[PDB]
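Undergrad: What shape does this take:
(3 chains, ligands or ions: 3)
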Amino acid sequence: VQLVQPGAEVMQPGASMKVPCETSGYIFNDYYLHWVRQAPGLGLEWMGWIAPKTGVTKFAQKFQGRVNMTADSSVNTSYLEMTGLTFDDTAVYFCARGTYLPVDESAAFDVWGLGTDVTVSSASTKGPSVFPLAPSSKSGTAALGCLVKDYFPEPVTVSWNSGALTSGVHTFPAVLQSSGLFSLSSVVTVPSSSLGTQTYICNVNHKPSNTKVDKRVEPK
Amino acid sequence: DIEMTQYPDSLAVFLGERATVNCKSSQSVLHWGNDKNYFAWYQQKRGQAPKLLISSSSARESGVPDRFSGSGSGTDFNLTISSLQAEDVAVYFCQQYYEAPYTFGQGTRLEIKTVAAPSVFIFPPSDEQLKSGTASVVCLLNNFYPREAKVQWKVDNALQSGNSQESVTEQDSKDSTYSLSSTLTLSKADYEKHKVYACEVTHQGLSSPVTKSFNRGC
Amino acid sequence: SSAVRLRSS
Ligand SMILES: *[C@@H]1O[C@H](CO)[C@@H](O)[C@H](O)[C@H]1NC(C)=O
Ligand SMILES: *[C@@H]1O[C@H](CO)[C@@H](O)[C@H](O)[C@H]1NC(C)=O
Ligand SMILES: *[C@@H]1O[C@H](CO)[C@@H](O)[C@H](O)[C@H]1NC(C)=O
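TA: Numbering: from 1, shown residues only, chains lettered A, B, ... in the order given. Ligands and ions are numbered 1, 2, ... in the order given. Next up is the structure itself:
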């Protein structure tokens, strides 16, 4: 029993999106589906439901006239369409299963899709520049890391020394710069005594541009 | 619309202790027809979908451990964890499914631990980056608790505003601390007109604010 | 009047 959704979609400002929700392990027609969206770091917002059997829908008033919800039982999929996208539509779109239609009693949402991360942006796919955060000429423990700058879209993954170094690692959530590109830092704390001795490499992976960068971080 | 409000926004609890989240609805969600509250609680971990814990005010879903229980009727509900476990750190949401629109509130639950001062580090821009016309200065606050910290940037002792951005890890699984990264972005031309680059930190664990700084030219 | 709250009401 599950709901399958694609990981991510990137759309342009002013464009339309179509987010699918493919049902598994039960009869598509017998349950209501709901769409619930979550902007980065914020709450859950209910958008609407659809009874896939009949195509009858109900939307929250604030989404009336820019959304539709449709169903194609031949592929066991239901779709959220929304027009006039803006930066405020950047969010994860979850589909969820509610009420069993033959009985029609209002029900909580027992099964959720993993969600589709929708980014509204006119930026182009770009691999990151990786800059060293050199350990300072003082210290006990030293801090060093990697600055992963100017990539689009999310996500990037970071590892240290090909996964051998995990203790004292902090990979931060990315921030969106006014340029429309993302930036994040990965740092680790290491013994000062090991700086002249031990090699430190951050392994960066940005799947969308197929970019891998290994950056050696040494004292300056 | 039925407006849902959770109390508190943020809850810190020691492992093994009782945690309780409150929700209030602006109208009753108790149906006269069956005497049922059309009220649910959801758990959401960082990067995952919500998970239904409790429906009908108090009915646990299959596999939800019995340390979780729900209570209330009409407009006033609690979610209670009898004994907080590490796996229970999450954001908890209420929802009414009494009438459309089927509204949510929002509530953040963390492990409480002793106050820990941040270790502070500052990183000048790399030569690599300067060659491309931009200068990022990074300030790192490592392994502090609680989560609230203030980073202030200063450039030749002038207070910076609007030209930095920060982000904060999830609670560390081994020591229950947070870390924080702040980036100050200038043009290389602007970076090269100043001497003193300073990261100033204010935190409950510190007796006074901690500053780390460098002179441009290393 | 319904014994239950009905989604399509
Ligand atoms: C749709 O769902 C049902 C049962 O889960 C199945 O018999 C049917 O083949 C499914 N898939 C397609 C491609 O229709
Ligand atoms: C939603 O899609 C269905 C099926 O294509 C259509 O009949 C309906 O009119 C569509 N648009 C809106 C806004 O309802
Ligand atoms: C919920 O919790 C508080 C303590 O925070 C208690 O005094 C209150 O009466 C409880 N209410 C319900 C609705 O169970």
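
Undergrad: Would you mind listing what in chain C touches chain A?
TA: Applying Cβ under 8 Å from any Cβ of the partner chain, we find that chain C lies next to chain A at C:4-8. Quick note: C-beta positions are derived from backbone N, CA and C, even for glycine.

Undergrad: can you count the residues close to residue B:10?
TA: Applying other Cβ atoms under 10 Å in any protein chain shown, we find 12 residues neighbouring residue B:10.

Undergrad: Do a quick rundown of the helices in chain A.
TA: With helices called from DSSP state H, chain A shows none.

Undergrad: thinking again about what came up before, out of the residues of chain C next to chain A, which are buried?
TA: C:4-5, C:7 (16 or more other Cβ atoms under 10 Å in any protein chain shown).

Undergrad: Closest to ligand 1 out of the residues you listed?
TA: residue C:7 (21.9 Å; Cβ to the nearest ligand atom).

Undergrad: Distance check, that closest one against residue B:75.
TA: 22 Å (Cβ to Cβ, to the nearest Å).

Undergrad: ditto for residue B:201
TA: As judged by Cβ to Cβ, residue B:201 and residue B:75 stand 43 Å apart.

Undergrad: quick one, which of the two is more surrounded?
TA: Neighbour count, other Cβ under 10 Å: between residue B:201 and residue B:75, residue B:201 has more, with 23 against 18.

Undergrad: List, one by one, the residues from chain C near ligand 2.
TA: Nowhere does chain C come near ligand 2, counting by Cβ under 6 Å from any ligand atom.

Undergrad: Now the terminal residues of stretch A:21-37, how far apart.
TA: 13 Å (Cα to Cα, to the nearest Å).

Undergrad: Might you report the residue contacts of residue 6?
TA: In the absence of a named chain, this looks at chain A. Each residue near residue A:6 by Cβ atoms under 8 Å, 6 or more residues apart in numbering or on different chains is listed here: A:19-20, A:116.

Undergrad: try chain C instead
TA: By Cβ under 8 Å, 6+ apart, the contact set of residue C:6 is A:104-106.

Undergrad: give me that answer again for 6 Å
TA: The contact partners of residue C:6, taken as Cβ atoms under 6 Å, 6 or more residues apart in numbering or on different chains, are residue A:104.

Undergrad: do you know how far it is from ligand 1?
TA: Applying Cβ to the nearest ligand atom, to the nearest Å, the value for residue C:6 to ligand 1 is 26 Å.

Undergrad: just residue B:104 next, same as before
TA: Using Cβ to the nearest ligand atom, we find residue B:104 at a distance of 29 Å from ligand 1.

Undergrad: Isn't that residue up against residue B:91?
TA: No - the pair residue B:104 / residue B:91 is not scored as a contact, 10.7 Å apart, by Cβ atoms under 6 Å.

Undergrad: So residue B:182, which state does it fall into?
TA: strand (DSSP: H, G, I helix; E, B strand; the rest coil).

Undergrad: Can you name the residues bridging to the residue positioned nearest the centre of chain A?
TA: Taking Cα atoms, centre = their mean, the centroid of chain A lies closest to residue A:117, which sits 4.4 Å from it. Note on residue A:117: beta-bridge partners by DSSP bridges are residue A:8, residue A:92.

Undergrad: One more: residue A:22?
TA: Per DSSP bridges, residues listed as beta-bridge partners of residue A:22: residue A:4, residue A:77.

Undergrad: try residue B:90
TA: Under the criterion used here (DSSP bridges), residue B:90 is bridged to residue B:109.

Undergrad: quick one, domains of chain A?
TA: Per the record, chain A has its domains at A:2-120, A:129-217, by curated CATH domains.

Undergrad: for those domains, which one sits closest to residue B:27?
TA: domain A:2-120 (14.7 Å; Cβ to Cβ).

Undergrad: Please state the offset of the closest one from the chain centre?
TA: Distance of domain A:2-120 from the chain centroid (Cα atoms, centre = their mean, to the nearest Å) equals 16 Å.

Undergrad: Show me which residues of chain B are close to chain A?
TA: Contacts of chain B with chain A, taken as Cβ under 6 Å from any Cβ of the partner chain, map to B:38, B:40, B:49-50, B:52, B:55, B:93, B:97, B:100-102, B:104, B:106, B:121, B:123, B:126, B:128-129, B:136, B:138, B:140, B:165, B:167, B:169, B:179, B:181.

Undergrad: didn't residue A:5 look like it was pressed against residue A:118?
TA: No - using Cβ under 6 Å, residue A:5 makes no contact with residue A:118, being 10.6 Å away.

Undergrad: Please say which of the two ends up with more neighbours.
TA: Neighbour tally, residue A:5 and residue A:118, criterion other Cβ under 10 Å: the higher count belongs to residue A:5, 23 against 20.

Undergrad: Now do that one against ligand 3, distance only.
TA: Relative to ligand 3, residue A:5 is positioned 35 Å away (Cβ to the nearest ligand atom).

Undergrad: rewinding a little: could you dump the residues of chain C next to chain A to JSON lines with distance to residue A:155 and secondary structure?
TA: Formatted as JSON lines, these follow (distance: Cβ to Cβ, whole Å; DSSP: H, G, I helix; E, B strand; the rest coil):
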{"residue": "C:4", "distance to residue A:155": "43", "secondary structure": "coil"}
{"residue": "C:5", "distance to residue A:155": "40", "secondary structure": "coil"}
{"residue": "C:6", "distance to residue A:155": "42", "secondary structure": "strand"}
{"residue": "C:7", "distance to residue A:155": "36", "secondary structure": "coil"}
{"residue": "C:8", "distance to residue A:155": "40", "secondary structure": "coil"}
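
Undergrad: Which of the residues you listed sits closest to residue A:186?
TA: Within the residues of chain C next to chain A, the smallest distance to residue A:186 is 46.8 Å, found for residue C:7 (Cβ to Cβ).

Undergrad: follow-up on the earlier one: if you look at the residues of chain B next to chain A, which of them are in strands?
TA: Filtering those for membership in strands, criterion DSSP state E, returns B:40, B:52, B:55, B:93, B:121, B:123, B:136, B:138, B:140, B:165, B:167, B:179, B:181.
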